[PDB]
Structures are given as structure tokens and as C-alpha cells.
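J.: You'll find query.pdb just under this line, and it carries PDB, C-alpha atoms.
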```pdb
ATOM      1  CA  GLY A   1     -47.063 -79.364  20.253
ATOM      2  CA  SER A   2     -45.062 -76.605  18.586
ATOM      3  CA  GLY A   3     -45.921 -74.979  15.303
ATOM      4  CA  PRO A   4     -43.014 -73.748  13.185
ATOM      5  CA  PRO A   5     -40.828 -70.815  14.001
ATOM      6  CA  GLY A   6     -42.252 -67.446  13.034
ATOM      7  CA  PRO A   7     -41.182 -65.242  10.134
ATOM      8  CA  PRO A   8     -38.178 -62.932  10.390
ATOM      9  CA  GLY A   9     -38.643 -59.808  12.414
ATOM     10  CA  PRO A  10     -39.115 -56.361  10.935
ATOM     11  CA  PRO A  11     -36.207 -54.223   9.786
ATOM     12  CA  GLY A  12     -34.577 -52.211  12.557
ATOM     13  CA  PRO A  13     -35.137 -48.448  12.825
ATOM     14  CA  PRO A  14     -33.224 -46.026  10.577
ATOM     15  CA  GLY A  15     -29.860 -44.869  11.905
ATOM     16  CA  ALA A  16     -29.434 -41.520  13.623
ATOM     17  CA  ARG A  17     -29.113 -38.477  11.352
ATOM     18  CA  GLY A  18     -25.577 -37.638  10.302
ATOM     19  CA  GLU A  19     -23.613 -34.815  11.909
ATOM     20  CA  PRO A  20     -23.336 -31.406  10.217
ATOM     21  CA  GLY A  21     -20.582 -30.940   7.625
ATOM     22  CA  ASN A  22     -17.106 -29.826   8.626
ATOM     23  CA  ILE A  23     -16.314 -26.128   8.883
ATOM     24  CA  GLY A  24     -15.057 -24.322   5.798
ATOM     25  CA  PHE A  25     -11.472 -23.103   5.627
ATOM     26  CA  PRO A  26     -10.736 -19.377   5.864
ATOM     27  CA  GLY A  27     -10.469 -17.394   2.675
ATOM     28  CA  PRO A  28      -7.205 -16.040   1.301
ATOM     29  CA  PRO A  29      -5.952 -12.612   2.239
ATOM     30  CA  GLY A  30      -6.542  -9.808  -0.217
ATOM     31  CA  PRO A  31      -3.668  -8.475  -2.331
ATOM     32  CA  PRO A  32      -1.558  -5.545  -1.162
ATOM     33  CA  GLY A  33      -2.989  -2.124  -1.821
ATOM     34  CA  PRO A  34      -1.717   0.102  -4.628
ATOM     35  CA  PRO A  35       1.501   2.088  -4.160
ATOM     36  CA  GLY A  36       1.338   5.456  -2.448
ATOM     37  CA  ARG A  37       1.777   8.424  -4.735
ATOM     38  CA  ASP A  38       5.313   9.636  -5.297
ATOM     39  CA  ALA A  39       6.349  12.994  -3.926
ATOM     40  CA  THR A  40       5.828  15.653  -6.620
ATOM     41  CA  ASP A  41       8.485  18.159  -7.665
ATOM     42  CA  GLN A  42       6.529  21.158  -6.356
ATOM     43  CA  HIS A  43       8.149  21.259  -2.928
ATOM     44  CA  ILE A  44      11.597  21.315  -4.564
ATOM     45  CA  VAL A  45      10.599  24.039  -7.054
ATOM     46  CA  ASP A  46       9.193  26.113  -4.219
ATOM     47  CA  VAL A  47      12.437  25.995  -2.228
ATOM     48  CA  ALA A  48      14.632  26.591  -5.289
ATOM     49  CA  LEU A  49      12.595  29.719  -6.068
ATOM     50  CA  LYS A  50      12.822  30.902  -2.490
ATOM     51  CA  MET A  51      16.605  30.461  -2.616
ATOM     52  CA  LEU A  52      16.841  32.328  -5.900
ATOM     53  CA  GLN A  53      14.800  35.226  -4.551
ATOM     54  CA  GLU A  54      16.949  35.294  -1.414
ATOM     55  CA  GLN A  55      20.280  35.284  -3.203
ATOM     56  CA  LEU A  56      19.191  37.871  -5.765
ATOM     57  CA  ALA A  57      17.936  40.157  -3.026
ATOM     58  CA  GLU A  58      21.283  39.779  -1.243
ATOM     59  CA  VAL A  59      23.150  41.026  -4.329
ATOM     60  CA  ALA A  60      21.497  44.429  -3.831
ATOM     61  CA  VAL A  61      22.130  44.469  -0.079
ATOM     62  CA  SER A  62      25.770  43.585  -0.721
ATOM     63  CA  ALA A  63      26.223  46.465  -3.196
ATOM     64  CA  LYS A  64      24.635  48.948  -0.793
ATOM     65  CA  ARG A  65      26.712  47.820   2.180
ATOM     66  CA  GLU A  66      29.898  47.796   0.097
ATOM     67  CA  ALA A  67      29.383  51.486  -0.633
ATOM     68  CA  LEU A  68      28.759  52.140   3.090
ATOM     69  CA  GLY A  69      31.751  50.112   4.308
ATOM     70  CA  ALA A  70      29.416  48.104   6.583
ATOM     71  CA  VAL A  71      29.347  44.543   5.249
TER      72      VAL A  71
ATOM     73  CA  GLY B   1     -50.326 -72.830  20.892
ATOM     74  CA  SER B   2     -47.392 -70.974  19.330
ATOM     75  CA  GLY B   3     -43.924 -71.951  18.121
ATOM     76  CA  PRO B   4     -40.552 -70.238  18.503
ATOM     77  CA  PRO B   5     -40.133 -66.625  17.431
ATOM     78  CA  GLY B   6     -38.626 -66.152  14.015
ATOM     79  CA  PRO B   7     -35.079 -64.988  13.279
ATOM     80  CA  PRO B   8     -34.124 -61.380  13.892
ATOM     81  CA  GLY B   9     -35.014 -58.795  11.280
ATOM     82  CA  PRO B  10     -32.477 -57.059   9.032
ATOM     83  CA  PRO B  11     -30.664 -53.873  10.071
ATOM     84  CA  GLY B  12     -32.559 -50.630   9.501
ATOM     85  CA  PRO B  13     -31.532 -48.267   6.698
ATOM     86  CA  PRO B  14     -28.824 -45.645   7.145
ATOM     87  CA  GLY B  15     -29.774 -42.400   8.841
ATOM     88  CA  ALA B  16     -30.315 -39.181   6.905
ATOM     89  CA  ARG B  17     -27.399 -37.104   5.623
ATOM     90  CA  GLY B  18     -26.268 -34.320   7.934
ATOM     91  CA  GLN B  19     -26.704 -30.638   7.193
ATOM     92  CA  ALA B  20     -24.020 -28.846   5.154
ATOM     93  CA  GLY B  21     -21.215 -27.179   7.034
ATOM     94  CA  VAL B  22     -20.789 -23.448   7.404
ATOM     95  CA  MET B  23     -18.642 -21.423   4.973
ATOM     96  CA  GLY B  24     -15.285 -20.366   6.313
ATOM     97  CA  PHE B  25     -14.646 -16.818   7.400
ATOM     98  CA  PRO B  26     -13.472 -14.379   4.725
ATOM     99  CA  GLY B  27      -9.797 -13.700   4.486
ATOM    100  CA  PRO B  28      -8.204 -10.619   5.982
ATOM    101  CA  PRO B  29      -7.545  -7.452   4.011
ATOM    102  CA  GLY B  30      -4.225  -7.326   2.159
ATOM    103  CA  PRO B  31      -1.399  -5.197   3.553
ATOM    104  CA  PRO B  32      -0.969  -1.535   2.657
ATOM    105  CA  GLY B  33       0.732  -0.859  -0.633
ATOM    106  CA  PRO B  34       4.342   0.273  -0.811
ATOM    107  CA  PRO B  35       5.188   3.891   0.002
ATOM    108  CA  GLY B  36       5.415   6.342  -2.875
ATOM    109  CA  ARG B  37       8.908   7.338  -4.002
ATOM    110  CA  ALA B  38      10.868  10.081  -2.248
ATOM    111  CA  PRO B  39      13.125  12.325  -4.278
ATOM    112  CA  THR B  40      16.761  11.265  -4.771
ATOM    113  CA  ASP B  41      19.602  13.749  -4.358
ATOM    114  CA  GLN B  42      20.210  13.655  -8.110
ATOM    115  CA  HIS B  43      16.524  14.357  -8.765
ATOM    116  CA  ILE B  44      16.512  17.333  -6.403
ATOM    117  CA  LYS B  45      19.570  18.766  -8.206
ATOM    118  CA  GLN B  46      17.950  18.311 -11.589
ATOM    119  CA  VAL B  47      14.779  20.139 -10.530
ATOM    120  CA  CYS B  48      16.859  22.995  -9.160
ATOM    121  CA  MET B  49      18.797  23.151 -12.441
ATOM    122  CA  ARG B  50      15.595  23.374 -14.432
ATOM    123  CA  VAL B  51      14.212  26.106 -12.189
ATOM    124  CA  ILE B  52      17.384  28.152 -12.595
ATOM    125  CA  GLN B  53      17.433  27.761 -16.347
ATOM    126  CA  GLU B  54      13.779  28.832 -16.654
ATOM    127  CA  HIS B  55      14.479  31.992 -14.647
ATOM    128  CA  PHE B  56      17.456  33.538 -16.384
ATOM    129  CA  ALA B  57      15.373  36.579 -17.407
ATOM    130  CA  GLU B  58      14.256  37.168 -13.819
ATOM    131  CA  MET B  59      17.786  36.743 -12.522
ATOM    132  CA  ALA B  60      19.099  39.182 -15.104
ATOM    133  CA  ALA B  61      16.551  41.773 -14.003
ATOM    134  CA  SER B  62      17.952  41.728 -10.488
ATOM    135  CA  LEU B  63      21.583  41.692 -11.700
ATOM    136  CA  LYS B  64      21.371  44.634 -14.122
TER     137      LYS B  64
ATOM    138  CA  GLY C   1     -45.626 -69.824  10.967
ATOM    139  CA  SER C   2     -47.369 -70.574  14.265
ATOM    140  CA  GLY C   3     -44.606 -68.723  16.163
ATOM    141  CA  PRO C   4     -44.446 -64.955  16.416
ATOM    142  CA  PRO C   5     -42.277 -62.738  14.206
ATOM    143  CA  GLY C   6     -38.646 -62.506  15.288
ATOM    144  CA  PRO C   7     -37.233 -59.505  17.119
ATOM    145  CA  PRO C   8     -36.612 -56.356  15.079
ATOM    146  CA  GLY C   9     -33.220 -55.949  13.467
ATOM    147  CA  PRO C  10     -30.659 -53.529  14.939
ATOM    148  CA  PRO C  11     -30.712 -49.813  14.126
ATOM    149  CA  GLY C  12     -29.226 -48.859  10.810
ATOM    150  CA  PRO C  13     -25.884 -47.066  10.640
ATOM    151  CA  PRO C  14     -25.836 -43.320  11.381
ATOM    152  CA  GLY C  15     -26.218 -41.140   8.324
ATOM    153  CA  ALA C  16     -23.214 -39.633   6.579
ATOM    154  CA  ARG C  17     -21.770 -36.365   7.719
ATOM    155  CA  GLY C  18     -23.068 -33.403   5.719
ATOM    156  CA  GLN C  19     -21.205 -31.702   2.877
ATOM    157  CA  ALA C  20     -18.193 -29.749   4.058
ATOM    158  CA  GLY C  21     -18.391 -26.009   4.280
ATOM    159  CA  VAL C  22     -16.834 -24.106   1.399
ATOM    160  CA  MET C  23     -13.808 -21.881   1.724
ATOM    161  CA  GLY C  24     -14.411 -18.309   2.784
ATOM    162  CA  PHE C  25     -14.260 -15.378   0.414
ATOM    163  CA  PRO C  26     -10.977 -13.668  -0.383
ATOM    164  CA  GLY C  27     -10.270 -10.547   1.612
ATOM    165  CA  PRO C  28     -10.243  -7.110  -0.024
ATOM    166  CA  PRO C  29      -7.140  -5.319  -1.332
ATOM    167  CA  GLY C  30      -5.257  -3.439   1.334
ATOM    168  CA  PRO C  31      -5.190   0.389   1.383
ATOM    169  CA  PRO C  32      -2.835   2.442  -0.784
ATOM    170  CA  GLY C  33       0.616   2.951   0.713
ATOM    171  CA  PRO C  34       1.818   6.209   2.324
ATOM    172  CA  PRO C  35       2.682   9.080  -0.036
ATOM    173  CA  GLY C  36       6.350   9.521  -0.938
ATOM    174  CA  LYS C  37       8.310  11.499   1.640
ATOM    175  CA  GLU C  38       9.149  15.048   0.467
ATOM    176  CA  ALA C  39      12.761  16.218   0.676
ATOM    177  CA  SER C  40      13.450  18.610   3.493
ATOM    178  CA  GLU C  41      13.950  22.289   2.752
ATOM    179  CA  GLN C  42      17.377  21.921   4.378
ATOM    180  CA  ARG C  43      18.530  19.109   2.063
ATOM    181  CA  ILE C  44      17.312  21.060  -0.962
ATOM    182  CA  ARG C  45      19.295  24.085   0.260
ATOM    183  CA  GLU C  46      22.412  21.928   0.673
ATOM    184  CA  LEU C  47      22.159  20.425  -2.787
ATOM    185  CA  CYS C  48      21.141  23.536  -4.732
ATOM    186  CA  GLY C  49      22.641  26.577  -2.994
ATOM    187  CA  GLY C  50      25.994  26.303  -4.733
ATOM    188  CA  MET C  51      24.630  25.964  -8.239
ATOM    189  CA  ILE C  52      22.382  28.978  -7.652
ATOM    190  CA  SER C  53      25.374  31.028  -6.540
ATOM    191  CA  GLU C  54      27.458  29.897  -9.492
ATOM    192  CA  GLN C  55      24.829  30.622 -12.060
ATOM    193  CA  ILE C  56      24.082  34.042 -10.546
ATOM    194  CA  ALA C  57      27.778  34.882 -10.732
ATOM    195  CA  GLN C  58      28.112  33.661 -14.314
ATOM    196  CA  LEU C  59      25.087  35.677 -15.379
ATOM    197  CA  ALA C  60      26.393  38.779 -13.610
ATOM    198  CA  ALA C  61      29.611  38.442 -15.580
ATOM    199  CA  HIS C  62      27.625  38.084 -18.800
ATOM    200  CA  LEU C  63      25.787  41.295 -18.021
ATOM    201  CA  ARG C  64      29.024  43.158 -17.139
ATOM    202  CA  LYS C  65      28.109  43.650 -13.545
ATOM    203  CA  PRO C  66      30.314  41.001 -11.946
ATOM    204  CA  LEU C  67      29.832  40.644  -8.183
ATOM    205  CA  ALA C  68      31.625  40.575  -4.849
ATOM    206  CA  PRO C  69      34.290  37.859  -5.328
ATOM    207  CA  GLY C  70      33.033  34.394  -4.301
ATOM    208  CA  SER C  71      34.496  31.882  -1.838
ATOM    209  CA  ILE C  72      37.558  29.957  -3.037
TER     210      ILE C  72
END
```
Taking this structure as input, can you express it in the form of C-alpha cells?
T.:
Amino acid sequence: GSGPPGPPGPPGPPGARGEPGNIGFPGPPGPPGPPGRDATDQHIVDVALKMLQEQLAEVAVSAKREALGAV
Amino acid sequence: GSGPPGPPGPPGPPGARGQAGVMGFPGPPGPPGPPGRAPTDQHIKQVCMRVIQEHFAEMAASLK
Amino acid sequence: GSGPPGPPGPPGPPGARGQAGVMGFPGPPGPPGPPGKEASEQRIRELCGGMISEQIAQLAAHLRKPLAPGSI
């Protein structure tokens, strides 16, 4: 008749390989850029000088036209 | 002849670790900086005052 | 052990998920801002015309060539 039951079977196969890691989160935004440069005084100086030249030149025109009676 | 098969074997070992995930995308550029300063009315007046005061000799030449 | 070996065991568990991806790099600084807006020639003329007239008149008086009378 029967001999004894056999020994335990072999270990099962290894499990399937794991899935790839989760995706990284996006990086932070960069900081704001530096401030723009301030407007320089040059444009103001230029107009002030133009105005001065204009008004001074008009003093002479005024004197001439006063003498002519044609202001 | 034979006898019964033996008991079932143990479970196999765990599978291999998965590959590392991809790095996230870089962040966006920061916003532009603030605008530079525009001249105030008081600042304009002060520049004009300085220009006048530095040209008294030139004014005098045209007023003689 | 006259009988044959038992059936194989079941498959092992699936392997662990891989290491998570790292956070992305920071973005770059943004660009410099726009330059400051220059005052208009017209606004400069509005703000400074009067003082120029006044100072011209005062200097003319100093030099003893006072001018056409100015606006009240």
C-alpha cells in the first residue's frame, strides 16, 4: 500500500517587479526679477534748459517789438 | 508505488523593487521685477530749481 | 517520503514601488522690471514755467533792466 506523504513543495516564484516610483512634484517658481531702473533727471534738466533758452530769447524779441510798436 | 503528494510549498519571495520615479519639472521663471520710479511733481520742480540756480550767470548775460 | 513533493507555493508578493521622484528645480529669477516712466515735456513745462519766469524777472530787476510787466 501507500508510502508516506511527500515532502513540502518548493517555494513559489518571486513576485512581479514593483512599479516605478511616483512622479516628482514641480519645482518652486523663481523669485521676481530686480526692479527696473528709475527715470534719471536728465530729461527734466533738458526741458528746463530748453525753457530757459526760450524765455531768455523772448526777452530780446520783446524789447525789439516794444520799440517797433508791434508786440 | 507512491504515497500522497506533500503539502504545498511556501510563498515565493517578494518581487524586486521598482525603478525610481522621474524628477518633477522645474518651476517657472519668477515674474518681472517692479517698474522703476517715475518722477514726482515735487521732484520735477526741484530739478528745475537746481537748473535755474546753476545758470544765473547765463541768464544774466541775456538780461544785460 | 514515498509520495511526490507537494505543489509549489503561490507567487510571492509584488515588489515595492520604486523611490519617489524628487521635486523639480526652482525656476530662475524673473527679468528686471520696466524702466521708470519719464515725465512728459508738457508736465515739466507746466510745473517749471512759472518759476523760470519769476527768477528771470527777479534777476532782471537785480541787473537794473527790469522787463515788460508780468501777468497779475
J.: I need the output of the ChimeraX specification (/C :<7) & /B for this file as a count of residues only; which residues are they?
T.: 44
J.: Could you tell me which residues the ChimeraX specification (/B :<6) & /A returns for this structure, as a ChimeraX atom specification?
T.: /A:2-39,48
J.: One number please: atom CA of residue A:40 to atom CA of residue B:56, in Å, one decimal.
T.: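 Taking atom CA of residue A:40 and atom CA of residue B:56, their separation equals 23.5 Å.
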J.: Just how far from atom CA of residue C:50 is atom CA of residue C:70, in Å to one decimal?
T.: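 Pair atom CA of residue C:70 / atom CA of residue C:50 returns 10.7 Å.
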J.: How many Å separate atom CA of residue A:56 from atom CA of residue B:41?
T.: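 We find that atom CA of residue A:56 and atom CA of residue B:41 lie 24.2 Å from each other.
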J.: I need the residue nearest chain C from this list: A:54, A:1, A:43, A:69. Use all atoms listed in the file for the distance.
T.: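 Of A:54, A:1, A:43, A:69, the one nearest chain C, counting all atoms listed in the file, is A:43.
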J.: Is there a way to complete stretch 52-68 of chain C with N, CA and C atoms and then write that out as a PDB file, keeping the file's coordinate frame?
T.:
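And here is the file that came out, selection27.pdb:
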```
ATOM      1  N   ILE C  52      23.047  27.683  -7.496  1.00  0.00           N
ATOM      2  CA  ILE C  52      22.382  28.978  -7.652  1.00  0.00           C
ATOM      3  C   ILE C  52      23.417  30.097  -7.596  1.00  0.00           C
ATOM      4  N   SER C  53      24.312  30.028  -6.626  1.00  0.00           N
ATOM      5  CA  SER C  53      25.374  31.028  -6.540  1.00  0.00           C
ATOM      6  C   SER C  53      26.244  31.104  -7.781  1.00  0.00           C
ATOM      7  N   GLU C  54      26.594  29.948  -8.320  1.00  0.00           N
ATOM      8  CA  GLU C  54      27.458  29.897  -9.492  1.00  0.00           C
ATOM      9  C   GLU C  54      26.806  30.482 -10.713  1.00  0.00           C
ATOM     10  N   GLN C  55      25.531  30.170 -10.892  1.00  0.00           N
ATOM     11  CA  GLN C  55      24.829  30.622 -12.060  1.00  0.00           C
ATOM     12  C   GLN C  55      24.523  32.130 -11.959  1.00  0.00           C
ATOM     13  N   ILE C  56      24.293  32.614 -10.751  1.00  0.00           N
ATOM     14  CA  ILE C  56      24.082  34.042 -10.546  1.00  0.00           C
ATOM     15  C   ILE C  56      25.372  34.766 -10.911  1.00  0.00           C
ATOM     16  N   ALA C  57      26.501  34.250 -10.441  1.00  0.00           N
ATOM     17  CA  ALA C  57      27.778  34.882 -10.732  1.00  0.00           C
ATOM     18  C   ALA C  57      28.110  34.873 -12.229  1.00  0.00           C
ATOM     19  N   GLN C  58      27.846  33.762 -12.895  1.00  0.00           N
ATOM     20  CA  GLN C  58      28.112  33.661 -14.314  1.00  0.00           C
ATOM     21  C   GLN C  58      27.247  34.628 -15.105  1.00  0.00           C
ATOM     22  N   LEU C  59      25.983  34.745 -14.709  1.00  0.00           N
ATOM     23  CA  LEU C  59      25.087  35.677 -15.379  1.00  0.00           C
ATOM     24  C   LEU C  59      25.473  37.141 -15.107  1.00  0.00           C
ATOM     25  N   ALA C  60      25.946  37.435 -13.899  1.00  0.00           N
ATOM     26  CA  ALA C  60      26.393  38.779 -13.610  1.00  0.00           C
ATOM     27  C   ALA C  60      27.574  39.161 -14.496  1.00  0.00           C
ATOM     28  N   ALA C  61      28.447  38.192 -14.750  1.00  0.00           N
ATOM     29  CA  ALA C  61      29.611  38.442 -15.580  1.00  0.00           C
ATOM     30  C   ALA C  61      29.195  38.681 -17.021  1.00  0.00           C
ATOM     31  N   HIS C  62      28.185  37.948 -17.455  1.00  0.00           N
ATOM     32  CA  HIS C  62      27.625  38.084 -18.800  1.00  0.00           C
ATOM     33  C   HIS C  62      27.068  39.483 -18.990  1.00  0.00           C
ATOM     34  N   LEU C  63      26.418  39.998 -17.954  1.00  0.00           N
ATOM     35  CA  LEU C  63      25.787  41.295 -18.021  1.00  0.00           C
ATOM     36  C   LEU C  63      26.742  42.448 -17.708  1.00  0.00           C
ATOM     37  N   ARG C  64      28.010  42.138 -17.437  1.00  0.00           N
ATOM     38  CA  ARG C  64      29.024  43.158 -17.139  1.00  0.00           C
ATOM     39  C   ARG C  64      28.727  43.884 -15.848  1.00  0.00           C
ATOM     40  N   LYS C  65      28.151  43.173 -14.899  1.00  0.00           N
ATOM     41  CA  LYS C  65      28.109  43.650 -13.545  1.00  0.00           C
ATOM     42  C   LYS C  65      28.611  42.533 -12.646  1.00  0.00           C
ATOM     43  N   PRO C  66      29.877  42.100 -12.824  1.00  0.00           N
ATOM     44  CA  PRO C  66      30.314  41.001 -11.946  1.00  0.00           C
ATOM     45  C   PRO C  66      30.310  41.423 -10.457  1.00  0.00           C
ATOM     46  N   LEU C  67      30.261  40.436  -9.569  1.00  0.00           N
ATOM     47  CA  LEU C  67      29.832  40.644  -8.183  1.00  0.00           C
ATOM     48  C   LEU C  67      30.970  40.802  -7.176  1.00  0.00           C
ATOM     49  N   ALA C  68      30.627  40.810  -5.889  1.00  0.00           N
ATOM     50  CA  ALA C  68      31.625  40.575  -4.849  1.00  0.00           C
ATOM     51  C   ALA C  68      32.291  39.229  -5.159  1.00  0.00           C
TER      52      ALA C  68
END
```
